[PDB]
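In what follows, chains are A, B, ... by sequence order, proteins preceding strands, each numbered from 1. Both counts, for ligands and for their atoms, begin at 1 and track the order of listing.
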Amino acid sequence: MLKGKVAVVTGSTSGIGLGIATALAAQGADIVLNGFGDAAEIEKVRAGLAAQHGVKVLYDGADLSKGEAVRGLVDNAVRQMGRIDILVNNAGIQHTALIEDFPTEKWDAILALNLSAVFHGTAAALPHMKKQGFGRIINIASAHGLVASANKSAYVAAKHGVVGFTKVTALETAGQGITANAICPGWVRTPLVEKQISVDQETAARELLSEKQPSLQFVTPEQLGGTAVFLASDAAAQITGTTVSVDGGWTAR
Amino acid sequence: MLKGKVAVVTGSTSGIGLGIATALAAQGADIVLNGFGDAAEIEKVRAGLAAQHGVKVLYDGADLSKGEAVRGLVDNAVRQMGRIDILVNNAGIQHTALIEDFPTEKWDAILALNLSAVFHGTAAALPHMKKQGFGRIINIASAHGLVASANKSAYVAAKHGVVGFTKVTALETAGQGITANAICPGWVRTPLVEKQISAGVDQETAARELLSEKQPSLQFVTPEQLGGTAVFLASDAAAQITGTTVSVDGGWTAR
Amino acid sequence: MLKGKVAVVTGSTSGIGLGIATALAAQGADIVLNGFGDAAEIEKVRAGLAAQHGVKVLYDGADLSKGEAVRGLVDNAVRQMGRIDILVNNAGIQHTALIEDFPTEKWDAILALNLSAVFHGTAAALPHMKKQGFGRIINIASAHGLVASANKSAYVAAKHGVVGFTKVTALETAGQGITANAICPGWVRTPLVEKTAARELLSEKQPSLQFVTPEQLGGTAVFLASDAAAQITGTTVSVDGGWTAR
Amino acid sequence: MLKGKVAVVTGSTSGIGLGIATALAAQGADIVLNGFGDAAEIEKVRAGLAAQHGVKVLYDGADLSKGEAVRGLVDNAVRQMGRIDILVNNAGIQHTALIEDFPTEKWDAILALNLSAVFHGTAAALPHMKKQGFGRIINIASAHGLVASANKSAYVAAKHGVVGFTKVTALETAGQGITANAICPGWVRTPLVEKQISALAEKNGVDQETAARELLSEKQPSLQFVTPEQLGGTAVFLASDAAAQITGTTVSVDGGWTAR
Ligand SMILES: NC(=O)c1ccc[n+]([C@@H]2O[C@H](COP(=O)([O-])OP(=O)(O)OC[C@H]3O[C@@H](n4cnc5c(N)ncnc54)[C@H](O)[C@@H]3O)[C@@H](O)[C@H]2O)c1
Ligand SMILES: NC(=O)c1ccc[n+]([C@@H]2O[C@H](COP(=O)([O-])OP(=O)(O)OC[C@H]3O[C@@H](n4cnc5c(N)ncnc54)[C@H](O)[C@@H]3O)[C@@H](O)[C@H]2O)c1
Ligand SMILES: NC(=O)c1ccc[n+]([C@@H]2O[C@H](COP(=O)([O-])OP(=O)(O)OC[C@H]3O[C@@H](n4cnc5c(N)ncnc54)[C@H](O)[C@@H]3O)[C@@H](O)[C@H]2O)c1
Ligand SMILES: NC(=O)c1ccc[n+]([C@@H]2O[C@H](COP(=O)([O-])OP(=O)(O)OC[C@H]3O[C@@H](n4cnc5c(N)ncnc54)[C@H](O)[C@@H]3O)[C@@H](O)[C@H]2O)c1
Ligand SMILES: [Mg+2]
Ligand SMILES: [Mg+2]
């Protein structure tokens with residue numbers, strides 16, 4: 001369990017990030033949620049987690065394009081919650097086009113959120129974790145941090161960058177009670193994906209998965225949350241600077 | 001938890017394998033132990049796990065250097081325990097020598113136990129797992145299944161072979177309720193390593209010096225950590241983790 | 001032999017990019033040098049290479065830290081040479097500091113040069129290559145595109161990003177007569193590195209205890225540009241004396 | 001070029017090993033051929049290469065499933081040729097089946113030849129190379145030494161073992177003028193692959209060229225086969241001085257297979 005610990009999860013107002021925050025809450029950690037969305041819907045989620053799990057849950061809507069807003073998210077977590085034990089760098093965006101057709105605005109944006117936000121968040125958290133003599137940094141990368149797909153140049157470059165950044169973090173913290181690892185999911189069934197799915201649908205789901213994901217099954221936010229729980233546990237104290245692939249066999253082949 | 005499930009752990013009479021068996025028993029799994037040592041101590045271990053955790057624990061002394069014995073261990077497990085949910089292929093041996101000096105008998109011994117026994121155990125377990133709609137194969141490889149050290153050609157070859165074999169097992173079973181993964185530990189503080197650490201400064205100073213070459217954390221991995229890693233791969237959160245390696249190595253493979 | 005082909009080598013005024021341009025010049029490709037330094041001491045080079053190997057050798061001083069300058073270099077290299085056959089993305093900078101001590105400006109500068117310049121060059125080069133039906137993108141990454149060292153976060157991240165970017169470039173051009181690959185060097189005795197103790201510096205990372213040389217890297221680029229390397233695409237070639245083997 | 005140098009290429013009577021042996025002979029290297037097939041055709045090959053390239057070419061038909069025979073091939077190459085500069089460990093066999101259906105005899109045969117022959121060959125070569133202060137060991141692994149495919153358990157395990165073995169070899173010889181690397185090809189349209197094209201051809205009840213494009217499509221984004229000449233060219237590169245600090249690594253020649 002993680003009673004007495006505080007976890008910040010970026011981009012946790014929905015999807016994977018919310019699944020992770022929810023799993024960490026269920027182990028007793030206080031939580032900082034982050035992301036965009038409807039004010040009322042977010043408050044429902046925040047109040048609901050706090051009441052269901054008996055922990056404190058803050059919401060900080062910091063826009064993570066801006067490195068100063070990222071470092072301020074972390075510093076505010078420490079101000080409001082007392083400490084920061086676990087940082088999950090999860091927020092991300094996508095844009096598909098050929099390299100030649102790839103808008104520079106999208107390239108820049110993808111790197112800023114998907115990579116540089118990891119740097120800024122991690123830079124802000126480390127001094128606290130080192131003083132504590134305890135930390136877990138869990139970066140949510142992708143199968144695309146290890147291998148590539150056509151038409152995803154910026155996202156693949158950024159995720160790969162996250163993997164290498166994760167390894168450096170780990171080497172700079174080795175033996176100080178801090179680990180840093182990257183979870184690399186394959187396909188997770190988010191509403192964005194759900195659109196693409198629409199001769200019936202569970203024949204369409206299987207067909208969409210079959211190119212990359214041999215199990216023909218989606219990964220779930222709940223499974224990624226249990227993977228983050230595991231990495232946050234004492235059993236994972238010597239797991240550092242590595243990747244945990246949660247991808248249905250995508251990287252096996 | 002793993003109540004009602006059955007785990008066979010090869011090489012579990014001591015060390016990493018016993019750590020894994022223990023962690024699995026503590027989640028409620030029935031256990032088949034295996035390996036060598038003193039038979040009185042083995043029975044003490046077996047009885048004590050069963051009493052402490054309220055699970056059924058068997059011992060099967062199969063010599064895993066023999067393919068038909070590995071297969072019989074798995075078949076005996078199913079016969080006696082009723083099913084097989086988790087197979088941990090852990091038993092392993094080592095020899096250090098330059099390649100040109102490496103005895104053929106040692107090459108062949110290391111391949112037979114560290115690699116071929118994973119093939120034989122997997123082959124026997126898979127039909128049962130596919131019929132159950134559930135299985136977890138957990139192969140204990142090493143950092144030396146991903147990277148090399150000088151003078152360890154047979155161990156490195158076999159552990160690499162285990163990593164690749166793990167991937168194929170995952171691809172043959174993908175979607176069938178079965179996963180196969182390889183845990184890749186760095187240094188764990190066994191009696192053997194202790195003897196090296198024994199070999200002018202303080203004990204814990206020599207420990208850090210010895211870890212220094214390969215393990216950035218300068219902290220040993222423990223059998224309990226590796227047991228909790230096996231518990232996690234056996235859990236439902238790990239249902240889509242298949243055909244991959246989980247490195248428990250203090251930063252060894254990050255650099 | 002590469003006669004009738006044009007190579008752009010970014011960062012070719014010194015160290016490995018020059019090493020590579022020279023090696024490629026020695027095979028009959030026309031060269032576009034690029035980089036910083038004395039306008040005249042570079043003329044010595046642009047002149048001495050063109051005379052030594054009997055090829056056209058341009059110079060473009062484009063600051064690659066700007067995305068539009070990269071795409072200009074490429075488009076101008078086409079205009080001044082007629083075509084582009086080989087793009088070598090080599091220009092790169094370093095900075096060593098703990099992550100929490102790492103200046104954001106240095107972070108952004110490493111990412112703009114070491115990574116985004118590679119995206120920019122490739123975006124500019126690709127339409128010409130796809131029409132040519134022939135291309136060689138060779139990105140000069142590092143051992144640090146595959147593994148990490150402490151205190152080098154922006155560089156390791158950029159270099160991992162290049163490796164990943166190379167793979168996508170390969171996948172988008174597959175079967176179109178274009179390949180993209182990354183050479184991942186270990187230690188090279190540059191000016192910066194040069195400043196015995198030479199075996200002990202290599203000792204931590206590079207088991208051969210021998211430096212990699214620009215001519216070696218030049219040979220490696222020449223190979224990837226060859227017909228034998230036609231189905232070598234989307235991959236890394238480590239020239240690192242054993243660094244990544246352990 | 002390799003004038004004055006001796007290369008041993010296992011499994012060089014056909015397919016990839018033949019392309020590699022030819023490219024090395026074309027650089028001035030003396031060649032020991034090895035492998036099976038039709039003996040008249042093998043002699044035509046051996047005499048042909050010797051004459052065409054003006055180098056010495058021998059055939060040793062050692063069965064490399066036996067470790068003594070592998071060491072014997074290397075020993076006698078040094079006896080008969082004067083030295084050994086290049087060892088290309090290339091011979092291999094394939095068998096497909098589900099793991100639970102995979103005959104123990106086929107598992108053993110694929111480990112013996114595809115992995116243990118690399119150990120025996122390297123072990124016999126190294127003392128000579130270390131003495132000479134020069135050597136190139138080039139192991140022909142596969143994309144399957146880095147990633148898997150279903151139904152190829154023994155072959156994927158053996159190829160992965162070759163990749164790890166190659167790394168240890170590099171580390172043991174680092175700095176001594178010896179490098180050890182593994183070329184990792186994707187599909188090459190040899191008879192090893194033809195049997196597979198034919199099996200896919202019959203499964204889907206389709207022609208042979210449907211099967212080829214589809215075989216390629218599953219794995220190899222270029223949709224073009226790799227050729228023995230390309231692999232020969234890659235081996236010549238690794239044997240060169242340009243590759244002096246390329247050691248303990250893999251070179252994928254796979255049309256994008258491992259990029260995705
Ligand atoms: N969904 C998949 O199939 C998949 C697969 C592999 C990896 N991932 C990765 O997992 C992570 C989570 O994404 P997801 O799939 O749940 O998407 P999602 O849209 O469901 O959630 C993304 C979250 O990030 C937040 N966000 C976006 N921009 C932000 C900004 N500038 N500042 C603060 N928050 C911001 C959103 O508000 C939201 O809470 C991403 O890094 C993604 O790339 C997703
Ligand atoms: N110890 C480490 O630092 C380390 C690191 C990485 C991986 N590993 C791996 O972990 C696994 C177990 O190692 P350990 O360090 O706990 O070793 P250990 O010697 O303590 O245990 C090995 C087990 O295998 C059993 N065994 C050996 N040969 C057998 C055979 N012929 N038939 C049946 N059982 C046999 C032994 O009786 C023992 O129970 C091995 O595969 C090893 O390669 C160990
Ligand atoms: N030297 C090594 O030990 C080593 C090892 C691995 C990889 N590398 C990589 O190889 C590449 C070349 O490095 P090097 O060691 O030859 O360095 P170098 O200093 O010798 O040369 C770098 C070149 O890039 C140019 N350059 C710098 N900033 C530029 C900019 N903004 N716009 C255009 N040109 C610019 C310089 O003028 C110079 O010509 C780099 O990407 C580096 O990361 C170097
Ligand atoms: N064809 C491909 O797509 C492919 C792809 C990747 C890797 N490879 C590898 O390339 C190597 C060569 O394969 P190939 O496709 O050229 O096949 P091939 O069947 O054309 O050649 C195999 C060669 O090995 C020889 N050989 C077989 N058993 C032997 C033994 N016991 N002793 C000595 N020689 C023996 C054969 O006689 C022949 O000379 C193999 O290691 C294979 O695994 C092939
Ligand atoms: Mg390494
Ligand atoms: Mg892959």
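A 6.0 Å sphere centred on NZ of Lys219(D) holds more than 12 heavy atoms belonging to other residues, nucleotides or ligands. The neighbour count for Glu68(D) CD, taken as heavy atoms of other residues, nucleotides or ligands under 6.0 Å away, does not exceed 12.
For atom 6 (C) of ligand 4, the closest non-hydrogen atom of the protein is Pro185(D) O, 3.3 Å. The closest protein non-hydrogen atom to atom 18 (P) of ligand 4 is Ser14(D) OG, 3.5 Å. Nearest protein heavy-atom contact of atom 42 (C) of ligand 4 is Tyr155(D) OH, 3.4 Å.
Counting heavy atoms closer than 4.0 Å to ligand 4, residue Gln94(D) contributes nothing at all. Contact annotation: for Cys184(D) versus ligand 4, there are no heavy atoms closer than 4.0 Å. At a heavy-atom distance under 4.0 Å, only backbone atoms of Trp187(B) (N, CA, C or O) approach ligand 2. With a 4.0 Å heavy-atom cut-off, ligand 4 is reached by the side chain of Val193(D) but not by its N, CA, C or O. The residue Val226(D) has no part lying near ligand 4, judged by heavy-atom distances below 4.0 Å.
In this pair, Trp107(D) and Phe119(B) present their aromatic rings parallel. The plane angle is below 30°, not in the 30 to 60° band.
Of all atoms in ligand 2, numbered sequentially from 1 with element shown, those under 4.0 Å from a heavy atom of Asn34(B) are 33 (C), 34 (N). Atoms of ligand 4 found under 4.0 Å from any heavy atom of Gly186(D) (numbered from 1 in listed order, with element): 3 (O), 5 (C), 6 (C). Remark: ligand 4 atoms within the under-4.0 Å shell around heavy atoms of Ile140(D) are 10 (O), 41 (O). Counting the atoms of ligand 2 from 1 in the order shown, those under 4.0 Å from a heavy atom of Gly15(B) are 16 (O), 20 (O). Below 4.0 Å from some heavy atom of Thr13(B) lie the following atoms of ligand 2, by number and element: 37 (O), 39 (O).
The option with the heavy atom closest to atom 10 (O) of ligand 2, from among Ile16(B), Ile20(B), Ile42(B), is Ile16(B). Considering each of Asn90(B), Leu73(B), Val9(B), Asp60(B), the one bringing a non-hydrogen atom nearest atom 12 (C) of ligand 2 is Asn90(B). Nearest-residue assignment for atom 33 (C) of ligand 2 (options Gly11(B), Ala62(B), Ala91(B); heavy-atom criterion): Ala62(B). Comparing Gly92(B), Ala112(B), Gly17(B), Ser142(B) by heavy-atom distance to atom 22 (C) of ligand 2, the nearest is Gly92(B). For atom 15 (O) of ligand 2, the nearest non-hydrogen atom from the set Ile110(B), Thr190(B), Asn89(B), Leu113(B) belongs to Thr190(B).
A side-chain hydrogen bond (donor to acceptor under 3.5 Å, both in side chains) with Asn139(D) holds for exactly one of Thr250(D), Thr122(D), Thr166(D); it is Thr166(D).
Considering both main-chain and side-chain atoms, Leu64(B) comes within under 3.5 Å of ligand 2 through a nitrogen or oxygen pair. Among the atoms of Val188(B), some N or O lies under 3.5 angstrom from an N or O of ligand 2.
Remark: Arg46(B) engages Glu43(B) in a salt bridge, criterion side-chain N to carboxylate O under 4.0 Å.
For the ligand labelled ligand 4, residue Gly37(D) lies outside the 4.0 Å heavy-atom shell. Under a 4.0 Å heavy-atom criterion, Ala69(D) is not in contact with ligand 4.
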